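Colleague: Protein chains in written order, with the authors' numbering: chain C, 11 to 423, 437 to 514; chain B, 437 to 514; chain A, 11 to 423, 437 to 514.
We put the beta carbon where it would ideally sit given N, CA and C, even for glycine.
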Amino acid sequence: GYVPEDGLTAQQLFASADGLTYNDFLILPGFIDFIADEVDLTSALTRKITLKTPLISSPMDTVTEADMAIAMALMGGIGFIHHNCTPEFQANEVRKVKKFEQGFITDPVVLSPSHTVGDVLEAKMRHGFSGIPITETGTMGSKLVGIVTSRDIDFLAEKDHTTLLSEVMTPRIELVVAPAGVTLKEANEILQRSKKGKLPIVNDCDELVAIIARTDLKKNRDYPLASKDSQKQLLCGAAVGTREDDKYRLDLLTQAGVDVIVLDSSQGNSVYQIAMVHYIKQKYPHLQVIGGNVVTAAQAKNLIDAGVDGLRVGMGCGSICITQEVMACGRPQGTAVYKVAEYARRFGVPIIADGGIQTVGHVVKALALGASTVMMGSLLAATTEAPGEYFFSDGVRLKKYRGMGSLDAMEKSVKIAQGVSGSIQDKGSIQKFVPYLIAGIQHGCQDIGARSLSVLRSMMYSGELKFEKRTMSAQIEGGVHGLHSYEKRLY
Amino acid sequence: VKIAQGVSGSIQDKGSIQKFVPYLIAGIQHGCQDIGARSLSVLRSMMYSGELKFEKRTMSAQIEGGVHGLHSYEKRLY
Amino acid sequence: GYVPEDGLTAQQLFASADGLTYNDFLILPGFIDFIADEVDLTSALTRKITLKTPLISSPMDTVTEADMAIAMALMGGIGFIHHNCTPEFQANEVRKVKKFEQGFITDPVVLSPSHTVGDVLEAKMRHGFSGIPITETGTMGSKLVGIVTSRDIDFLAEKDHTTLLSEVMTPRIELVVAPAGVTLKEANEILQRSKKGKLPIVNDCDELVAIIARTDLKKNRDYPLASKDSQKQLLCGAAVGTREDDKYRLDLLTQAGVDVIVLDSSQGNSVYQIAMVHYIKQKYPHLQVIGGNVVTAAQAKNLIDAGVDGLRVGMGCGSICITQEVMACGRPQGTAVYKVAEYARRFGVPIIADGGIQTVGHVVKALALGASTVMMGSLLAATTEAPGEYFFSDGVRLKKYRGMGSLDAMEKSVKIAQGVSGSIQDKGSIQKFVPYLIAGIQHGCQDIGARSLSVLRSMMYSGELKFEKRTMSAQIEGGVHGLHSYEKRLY
Ligand SMILES: Nc1nc2c(ncn2[C@@H]2O[C@H](COP(=O)(O)OP(=O)(O)OP(=O)(O)O)[C@@H](O)[C@H]2O)c(=O)[nH]1
Ligand SMILES: Nc1nc2c(ncn2[C@@H]2O[C@H](COP(=O)(O)OP(=O)(O)OP(=O)(O)O)[C@@H](O)[C@H]2O)c(=O)[nH]1
Ligand SMILES: Nc1nc2c(ncn2[C@@H]2O[C@H](COP(=O)(O)OP(=O)(O)OP(=O)(O)O)[C@@H](O)[C@H]2O)c(=O)[nH]1
Ligand SMILES: Nc1nc2c(ncn2[C@@H]2O[C@H](COP(=O)(O)OP(=O)(O)OP(=O)(O)O)[C@@H](O)[C@H]2O)c(=O)[nH]1
Ligand SMILES: Nc1ncnc2c1ncn2[C@@H]1O[C@H](COP(=O)(O)OP(=O)(O)OP(=O)(O)O)[C@@H](O)[C@H]1O
Ligand SMILES: Nc1ncnc2c1ncn2[C@@H]1O[C@H](COP(=O)(O)OP(=O)(O)OP(=O)(O)O)[C@@H](O)[C@H]1O
Ligand SMILES: O=c1[nH]cnc2c1ncn2[C@@H]1O[C@H](COP(=O)(O)O)[C@@H](O)[C@H]1O
Ligand SMILES: O=c1[nH]cnc2c1ncn2[C@@H]1O[C@H](COP(=O)(O)O)[C@@H](O)[C@H]1O
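1) Is the beta carbon of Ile-290(C) closer than 9 Å to that of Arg-322(C)?
2) Would you call the CB atoms of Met-385(A) and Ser-68(A) closer than 9 Å?
3) Ignore the nearest five residues each way along the sequence and tell me which others in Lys-229(A)'s own chain have a CB closer than 7 Å to its CB.
4) Does any heavy atom of ligand 5 sit closer than 8 Å to the C-beta of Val-73(C)?
5) On the DSSP letters alone, give me the boundaries of the alpha helix (DSSP H) that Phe-490(A) sits inside.
6) Please check if any C-beta of chain C sits within less than 9 Å of the C-beta of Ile-447(B).
7) Per DSSP, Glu-510(C) is paired with what?
8) Quick one: which residues of the stretch 483–511 of chain C get their C-beta closer than 9 Å to a C-beta of chain B? List them in chain order.
9) Anything in the stretch 457–471 of chain B with a Cβ closer than 7 Å to a Cβ of chain A? List those residues in chain order, please.
10) With which residues is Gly-413(C) paired in a DSSP beta bridge?
11) Just how far apart, CA to CA, sit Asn-94(C) and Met-286(C)?
12) Just tell me which of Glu-75(C), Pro-189(C), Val-268(C) and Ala-381(C) has its CA closest to the CA of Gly-324(C).
13) Considering only residues of the same chain and omitting the five flanking positions on each side of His-171(A), which have a CB-CB separation below 6 Å?
14) Taking a cut of 7 Å between CB atoms, which residues from the stretch 222–235 of chain C lie near chain B?
15) What residue does the beta strand (DSSP E) around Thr-383(A) start on, and which one ends it?
16) Hey, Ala-391(A) and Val-104(A): beta-carbon distance below 9 Å or not?
17) Going along chain B in order, which residues have a C-beta closer than 7 Å to the C-beta of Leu-513(C)?
18) Within 8 Å: the Cβ of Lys-134(A) and any heavy atom of ligand 6?
19) Measure from the alpha carbon of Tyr-459(B) to the alpha carbon of each residue in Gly-344(A), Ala-79(A) and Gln-441(A), then state which is nearest.
20) Counting Cβ pairs closer than 8 Å, one from the stretch 223–241 of chain C and one from the stretch 255–266 of chain C, do we hit at least three?
21) Just curious, the beta strand (DSSP E) that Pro-458(A) is in, first and last residue?
22) In chain order, what residues of the same chain have a beta carbon less than 7 Å from the beta carbon of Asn-213(A), not counting five sequence neighbours either side?
23) Using a Cβ cut-off of 7 Å, pull out every chain B residue sitting near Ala-285(A), in sequence order please.
24) Let me make sure I understand the geometry here. Which of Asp-47(A), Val-119(A) and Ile-183(A) has the alpha-carbon closest to that of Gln-469(A)?
25) Going by the DSSP bridge assignment, what does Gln-298(C) pair with across the sheet?
26) Using a Cβ distance threshold of 8 Å, determine whether the stretch 150–158 of chain C contacts the stretch 198–216 of chain C, with at least three qualifying pairs required.
27) Considering Cα atoms alone, identify which of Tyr-258(A), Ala-351(A), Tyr-32(A) and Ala-266(A) is closest to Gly-302(A).
28) Just curious, the alpha helix (DSSP H) that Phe-99(A) is in, first and last residue?
29) Starting from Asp-364(A), follow the beta strand (DSSP E) in both directions and report where the run begins and ends.
30) Please name the residues in the stretch 335–353 of chain A whose beta-carbon is closer than 8 Å to at least one beta-carbon of chain B, in chain order.
31) Could you tell me the distance, in whole angstroms, from the CA atom of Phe-456(C) to the CA atom of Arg-231(C)?
32) On the CB-based measure, 16 or more other CB atoms within 10 Å of its CB, does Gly-358(C) come out buried or exposed?
33) Would you decide whether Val-107(C) is buried or exposed? Buried here means 16 or more other CB atoms lie within 10 Å of its CB.
34) If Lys-169(C) sits next to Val-186(C), beta carbons under 8 Å apart, how far is it from one beta carbon to the other, in whole angstroms?
35) Tell me which residues pass a beta-carbon proximity test against ligand 3: closer than 5 Å to any heavy atom, given in chain order.
36) Within the stretch 162–217 of chain C, note down every full alpha helix (DSSP H) run reaching 4 residues or more, in order along the chain.
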């Protein structure tokens, strides 16, 4: 009882070949012994950061500001906030991602009893929340005198500046508290049992040292996949360039609490980028660096030698990109992902496959070819969390989608354009769309017979995972064909 | 979370199966005849023995083998 | 000194390959030592028929009836008259081609002196000419009593009904004549010196044996390339099927004086076709037979063994054709032409490359690959000489272009359609368009460095002629590209 070997290994697929794209090949089906829902999508972003989902939103001005980065992190991916903005704007976007979910809030909004209901309303306007502990100084480290929330100031008619907070607080005698040096789980038990919405943390001197909010425990149960640091804040990435003024931007982003930096370049194998990696790794040794838009092992070597914690793979793929028709330079993305990942895995360096991801099948191909994570631009553009506003043109709801080497982006929003500037049709919310991509990746892995992305890659490197090349007519046959009209209702 | 594996489309009218399947039958018979096969059983035996020969097509052979070079046409099958 | 070898030989181009079309390759340029106008286009149609031009009009109901066949023969090609018509209609189309140019007219229209001016006008209405010798019987072999022409009946208004020809003729006393047994060249000298428009040929008994017309000497100087038989009539081809009733059609076409028969089939390697070739070669040993739409040497063998004088090459190419998507069956035409011609040349059997000829570059490729002649359907459709009438549809002057297995042709104009009943935009006259194709073939051969189609084929078989295979992007680069609009003003 024997059956002959069928299809190519990945090593065979890229050996006797020109550069393949994701469209040029299929994965052959395996054996299914498991449910798609039990497929593990745990992914290394860098040497020290693991995501529950392989998915990254690209650092583009039409893709990733704070709402996208929050939504991606809540879905168990991450967002890298774009750098086509002032350093102060970018750091404020990073701060919004880091403030959205909290363990101990150690720098809350605080007011004095001498402040007013108008000051609580203006605080709610600036920071988005009404739950404000009150201390004698109105600064964080002071003796606690009460707590003010929206239930204390709501349905007061108009006496805003007229009313001092001392008359409006829940006074410190009435408030439930925990001692300093309580663990987060112990503070959560106290808060959960108290049935209150805030729990202040106070030392033996009765002065405020932290506070915790019930809404973060709600965000816990609401978002099981969420990408969080050790102090339970969302993970945030940010882009920086490799110019000297990017050192100032990097300092603002690091004090804003950014977890990972991506060095943003067309061609990352440069003296400028290697110098920036060395500068970061000496000044901020805690900070993860993804360097390198690279497409060859020779480029990957120089950045792994410089000490990057991850690599970005792709050049001239990417929906919006024209680098290949402007510089002659790049690689077919499936070949680039395979070549760079097969090399970078020897050093324990994870790969991000960046650009040309049009479909969830392309995500499964990128992951199968050795990418540990996948970065999307246009596939997440025209979601609700993507920056800017919808418009109508051809009777179609469209959002702008620009590209960062677009000459319109380079107006600080001879110079050479490396991107066009375009539009994409509406997609709805990341919070529904990323669960569709997750379940699509799981069903892809299931048809392949892989229980996780880790076993999927090991099946690929051992040659258990088999591939078939597609003729152009196989790419037609594998697409929608032969119909008059069709309705591509994904999820 | 509820993964679609197909789209939903439309196709133009074809008429009855009781006329269309006799057209497919006769097309299969004419294909086998141009090939020199008296039955689908002998067609498969010619294929496995290597008597049946195939040629690969470039994309331009797929263009040349279709309708080409016309302003418009009328695909009046049966 | 030395220069390295560049490009593939034809043997290499088809060896390590899938089936190529004409679009899939180029011919590499040679050395030019001659003018394009001195490129010899002399072509074998069959073992015994040589044309001055490689060009054939296809036997289709929307391409070749008598006007097309006359025009093709005058341009030094040939037409094959289609068979999707009654045997009597097809033989009458052949008769029109054979009557258009004459050496000795040995079966002229003749009248009695007791016929009338009205009988001469009715004769002119039926046969197209007014020059009618008069014999006392009104039958050919009888005593010459005079000659009547249009200048004799000219401007006789309504005197038609009862004016006997006796008083209208130029009488036999006045007419210039030649003796029987005069050569055509000698009769032409007598006619040319006489300054008359007819010269009757009479025996010593003074009875009519032939006549010659000055208009045939005019047709001589007007058409230097013209394809003529030994008695100076135009060459005509005709199609026939291989059914039993085609034996009757073949008898009508042979007594109408057809020079060459083409056996019309999608797949000519059949017992039915081999039987028809044997039947023709025993019943009509003078008659040239082109058998075989064939695409392999194995098919060609059986018809060359049956005794065909030429082969048609092509299956499922052809603008109008759907045989491949209806029968799975055929071959890429460049490969078919090369394979069959390289085999058939060993037996001295010429090849017609039939169908898929969209451009004069495809003609040069077909001839370079070993075709001795090229047959066109759609490229000659919507010329003025093509059958039927023009119409307008999309604001475009169109003519119908049908195909012979199409389901509109097979209604005597379960049935399986092998063609698609379409339309082609106007091209103007064959008498202008074929000189353009001739000049294009000559400039193709000149860029290649071939002084004739015979040396072109010899350079191909010796491997002196080099080919380069084309990517799809070379086919884009080789076409019109990068323009907003263009005007393809050929000739
Ligand atoms: N106050 C607070 N407590 C948190 C937060 N995140 C987690 N915790 C607490 O720490 C525990 C951690 O266990 P899990 O919930 O299994 O792991 P997690 O990765 O931290 O959170 P999930 O995102 O829900 O998976 C939770 O039960 C909470 O009590 C947060 O943002 N704020
Ligand atoms: N109150 C408060 N919440 C903060 C602060 N910084 C971040 N947050 C987060 O914002 C959220 C507060 O949620 P809630 O407790 O529902 O908000 P609230 O304070 O009651 O204010 P309202 O919803 O406006 O009534 C939690 O996820 C907090 O972690 C801060 O200084 N104070
Ligand atoms: N009456 C007549 N004489 C002809 C005809 N064709 C040729 N001739 C005569 O034969 C001569 C030989 O002509 P050529 O030019 O050598 O060769 P051809 O193929 O016969 O004629 P072309 O068609 O002009 O090439 C001409 O000069 C005429 O005198 C014809 O159709 N009718
Ligand atoms: N006259 C004549 N010409 C014939 C006959 N059969 C074929 N033809 C050809 O038709 C053409 C006759 O041309 P002309 O001599 O110009 O015709 P015509 O006799 O002057 O008559 P009109 O043109 O009507 O004045 C020549 O090419 C002949 O070879 C026939 O029976 N009689
Ligand atoms: N730790 C606490 N101990 C006692 N009272 C508290 C405490 N935290 C908040 N309060 C008081 O409880 C009331 C509700 O505040 P809480 O944070 O629980 O809900 P809220 O977020 O304001 O309610 P809601 O979501 O409906 O707007 C207010 O009067 C507030 O001052
Ligand atoms: N061989 C001949 N000998 C003498 N007269 C002739 C001869 N052939 C024709 N004719 C006469 O010559 C005259 C002109 O006839 P011919 O054939 O030469 O020209 P046509 O074709 O009739 O002239 P056109 O082209 O102008 O219409 C007529 O009267 C005719 O009867
Ligand atoms: O202007 C540009 N030129 C070249 N590459 C760009 C430009 N802007 C963004 N990119 C790349 O394109 C990727 C997104 O590609 P997409 O997912 O196919 O739309 C980004 O993550 C970048 O790597
Ligand atoms: O109905 C048909 N089906 C298949 N082949 C046809 C049919 N009618 C004509 N042909 C072929 O198509 C050739 C003309 O092709 P074309 O020059 O490309 O237009 C003819 O000479 C025939 O060999």
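Modeller: Result, derived from the coordinates:
1) no
2) yes
3) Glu-111
4) no
5) Taken as a continuous stretch (DSSP letters only), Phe-490(A) belongs to no alpha helix (DSSP H), being part of the beta strand (DSSP E) at 490–492.
6) yes
7) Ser-444(B)
8) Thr-494, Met-495, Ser-496, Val-503, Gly-505, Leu-506, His-507, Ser-508, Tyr-509, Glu-510 and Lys-511
9) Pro-458, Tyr-459, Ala-462, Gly-463, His-466, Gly-467, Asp-470 and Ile-471
10) None; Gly-413(C) has no bridge partner.
11) 18 Å
12) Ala-381(C)
13) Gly-128
14) none
15) 383–386
16) no
17) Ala-440
18) no
19) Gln-441(A)
20) no
21) No beta strand (DSSP E) contains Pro-458(A), which is instead part of the alpha helix (DSSP H) from 453–471.
22) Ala-190 and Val-219
23) In chain order: nothing, as chain B lies at least about 16 Å away.
24) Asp-47(A)
25) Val-270(C)
26) yes
27) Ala-351(A)
28) 97–109
29) 361–364
30) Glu-335, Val-336, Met-337, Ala-338, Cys-339, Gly-340, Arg-341, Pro-342, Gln-343 and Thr-345
31) 19 Å
32) exposed
33) buried
34) Contact doesn't hold; Cβ gap of about 28 Å is too wide.
35) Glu-111(A), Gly-113(A), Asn-198(A), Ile-222(A), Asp-226(A), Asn-230(A), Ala-236(A) and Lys-242(A)
36) 194–204
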